[PDB]
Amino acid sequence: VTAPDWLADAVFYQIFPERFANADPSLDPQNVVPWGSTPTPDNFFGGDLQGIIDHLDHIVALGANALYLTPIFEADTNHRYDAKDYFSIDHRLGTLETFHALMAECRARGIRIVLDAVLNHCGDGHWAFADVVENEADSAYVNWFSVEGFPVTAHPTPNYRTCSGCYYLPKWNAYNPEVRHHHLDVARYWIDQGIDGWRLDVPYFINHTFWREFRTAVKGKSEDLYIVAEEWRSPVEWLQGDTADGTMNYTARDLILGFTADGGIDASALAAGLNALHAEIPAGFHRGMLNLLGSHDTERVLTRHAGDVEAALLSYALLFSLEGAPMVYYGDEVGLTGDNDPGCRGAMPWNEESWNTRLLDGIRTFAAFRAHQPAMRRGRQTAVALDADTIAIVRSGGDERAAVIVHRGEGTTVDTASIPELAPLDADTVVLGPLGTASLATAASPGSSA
């Protein structure tokens, strides 16, 4: 089966909930740092779920109708990939009630919620793992993990399987039916609590049999539940109809940034790469691709562009033009900067004198265009290099067409005649300024059903 239809109309906003908005400082830990502080692998700022709720207007005004939240279950770190209880919201984020309140406010606003499924590993603080450290071969949980022997040690190197050699992330034994049962109950439990899908953390470290079983458990609750795989390389293995509905499209990230920030690839090579990527994605999964320019595991877009906001805007035009659901990383829309993790996990400033609001408005415009034109959501995609510095992303539905034209040089003209996919447009020539974009579509009119 294919990606749910609603993905075609989605626009995602990615939130790292430690850092979004601190609405309830009674939930703050003892050594919470000031909100403007430099992020580190160890510090806590107090972001909470009530802060998400309180800022839904910002998210909707951006043009997003879906959230992707990084992990929110009880954990010991600020990133919460080291979960200790998969059936509890972390105590610093809030309670189950607050979570319920976010899901309800989201439903009321037509916002969907995707959570992070961290199934390959848990934290060393997890009850099961703590029980194995204490009770060893007599623990009921000994084979929920891959412990070489006793006593459990981390002191040189771990004597147990982990995420990439990290001591505090012991690897779940997914070959144990009891672990798979726990894992599927997590899936099912949060779906019962109102979520609309799951993003699969490091799914390439588990195995496809398990991911097939996960699909059946999720899609059995509802076929409109979205599953999206983290995948940094070719997405193709995830799109066979038996695992995910799409991947995080890091392929398109690298292509786009190669052109707009690095200067390493020209428009021909960008066009070729995006068309080839498109052709490799099976029919029915293009809409399920989760397109992005950055995340909590990359430097921030504006830092990749060395502070060139106009160049950054070319990446956003491209992002919003592509088939698949575009996703903005929280604070990128107001021009936050940062190097790679932890640098990109800065706290979101809510004092609007610190925002680049021309950047914000640029992105809103792209989003609004996409929201208004059916072809930008459901059209086939063709990328067309016009010259080394200029690319057209054409989205076509029937005889209808939308075009986002992206120019990284000092100005140009585009003859829409003599570029065949651009043919139905009435404009015969369109100018582009320095680092300019132009967005055009054929006259569209909603058709009457009676």
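Numbers for residues come from their place in the sequence shown, where the first is 1.
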- Taking the mean of the C-alpha B-factors per stretch from the entry, tell me the winner out of 416 to 424 and 58 to 66. 416 to 424
- Taking the mean of the C-alpha B-factors per stretch from the entry, tell me the winner out of 151 to 159 and 82 to 90. 151 to 159
- Task: Return the residue from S146, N291, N207, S164 that has the highest Cα B-factor in the entry.
- Result: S164
- Message: So if I compare the CA B-factors in the entry for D297, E74, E231, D138, which one is the largest?
- Response: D138
- Message: By the recorded C-alpha temperature factor, relative to the other modelled residues in its chain, which third is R401 in?
- Response: highest
- Note on the structure: Of the three thirds of Cα B-factor ranks in this chain, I281 occupies the middle
- Item | Modelled-residue ranking by C-alpha temperature factor, third containing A23 | highest
- Once the chain's modelled residues are ordered by C-alpha B factor and cut into thirds, is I15 in the lowest, middle or highest one? lowest
- Item | Third of the chain, ranked by Cα B-factor, where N356 sits | highest
